[PDB]
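Single-letter residue listing:
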Amino acid sequence: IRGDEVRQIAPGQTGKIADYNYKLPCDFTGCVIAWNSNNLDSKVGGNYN
Amino acid sequence: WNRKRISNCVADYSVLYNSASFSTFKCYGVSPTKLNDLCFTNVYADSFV
Ligand SMILES: CCCCC/C=C\C/C=C/CCCCCCCC(=O)O
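Under the PDB entry, the name given to chain B is Spike glycoprotein, and the organism recorded is Severe acute respiratory syndrome coronavirus 2.

Taking the PDB entry as the reference, chain A is identified by name as Spike glycoprotein belonging to Severe acute respiratory syndrome coronavirus 2.

Have a look at this one:
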């Protein structure tokens with residue numbers, strides 16, 4: 001995802017990602033890891049994959 | 001800081017998904033998933049930089 005939406009990967013959130021793409025349940029046991037990947041998943045001209 | 005009364009609305013806020021991306025979006029007193037299922041009485045917007 002983009003950086004601003006990493007907050008949406010959490011129980012009880014809303015937004016684009018938390019409603020239309022990826023929803024976590026409220027009674028969620030588990031955990032979330034996210035790291036910036038600008039040097040891998042971004043290229044000049046912009047990845048559109 | 002600028003205060004703006006808000007009245008006679010319908011709080012769709014899906015239009016904001018198209019363009020604007022918010023770094024922080026924290027809601028106190030309401031869980032954000034319920035913001036579609038509610039009616040808001042005395043709505044003020046306090047804007048600044
Ligand atoms: C005219 C200004 C708003 C008037 C209504 C006020 C409060 C109720 C609507 C609340 C939602 C605020 C916008 C959140 C947008 C989704 C953010 C996200 O999930 O990424």
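Chemist: Explain the overall build of chain B to me, please; I cannot follow it from the model alone.
Modeler: Counting its secondary structure elements, chain B contains one helix and two strands. Ordered by position from the N terminus, the helices and strands of chain B form the series β-α-β. By its C-alpha atoms, chain B is 30 × 25 × 20 Å across when sized along the principal axes. For chain B, the computed accessible surface area is about 4500 Å², with 54% contributed by carbon and sulfur atoms.

Chemist: Sorry, what's going on with the interface of chain A and chain B here?
Modeler: In many reports, interface size means the accessible area that the parts give up when they come together. Each side of the interface is counted separately: chain A has 10 residues, and chain B has 10 residues. Interface area for chain A against chain B, summed over the two sides, is near 910 Å², with a carbon-plus-sulfur share of 52%. A per-residue breakdown of the area chain A buries against chain B is headed by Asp4, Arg7 and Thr14 of chain A, which together make up 51% of the total. Between chain A and chain B we count zero salt bridges in total. The interface formed by chain A and chain B includes two residue pairs in polar contact. Here the side of chain A that touches chain B is built from residues that sort into one nonpolar, four polar and five charged.

Chemist: I would appreciate a short explanation of the pattern of salt bridges in the present structure.
Modeler: Where side chains of opposite charge bring their charged atoms close, a pairing between them can arise. Residue and element names in this part refer to chain A. This structure, assessed with the given rule, holds four salt bridges over all chains. Two residues, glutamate 5 and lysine 16, come together in a salt bridge whose shortest N-O distance is 2.9 Å. Here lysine 16 lies in helix α1 (residues 16-21) and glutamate 5 lies in the segment before α1, a separation of 11 residues in the sequence. The same class applies to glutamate 5 and to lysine 16, which are both buried. Shared partners join several salt bridges into a network, and the residues in it are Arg2, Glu5 and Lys16.

Chemist: What's the story with the site of the ligand in this structure? I'm lost.
Modeler: Taken together, 13 residues lie near the ligand, and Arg7, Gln8, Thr14 and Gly15 of chain A together with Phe40 of chain B sit nearest. The environment of the ligand is shared, with nearby residues belonging to chains A and B. The side chain of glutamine 8 of chain A places a nitrogen or oxygen atom 3.3 Å from an oxygen atom of the ligand. Expressed as a share of its isolated accessible area of 580 Å², the protein-covered part of the ligand is 69%.

Definitions and limits used
- Residues numbered from 1 in each chain as written, not as in the entry; some residues may be left out.
- Chains lettered and ligands numbered in written order.
- Part of a larger assembly, values for the part shown.
- Heavy atoms only, no water.
- Helix = DSSP H or I, 4+ residues; strand = E, 2+ residues; numbered from the N terminus.
- Areas by Shrake-Rupley, 256 points an atom, 1.4 Å probe, with all protein chains shown as cover.
- Contact = heavy atoms within 4.5 Å.
- Buried area = accessible area lost by both parts, 1.4 Å probe.
- Salt bridge = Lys/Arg side-chain N within 4 Å of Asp/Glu carboxyl O.
- Polar contact = N/O pair within 3.5 Å; in protein donor to acceptor, adjacent residues only side chain to side chain.
- Nonpolar A, V, L, I, M, F, W, Y, C, P; charged D, E, K, R; others polar.
- Buried < 20%, exposed > 50% of the residue type's maximum accessible area, 1.4 Å probe, protein only.
- Near = heavy atom within 4 Å.

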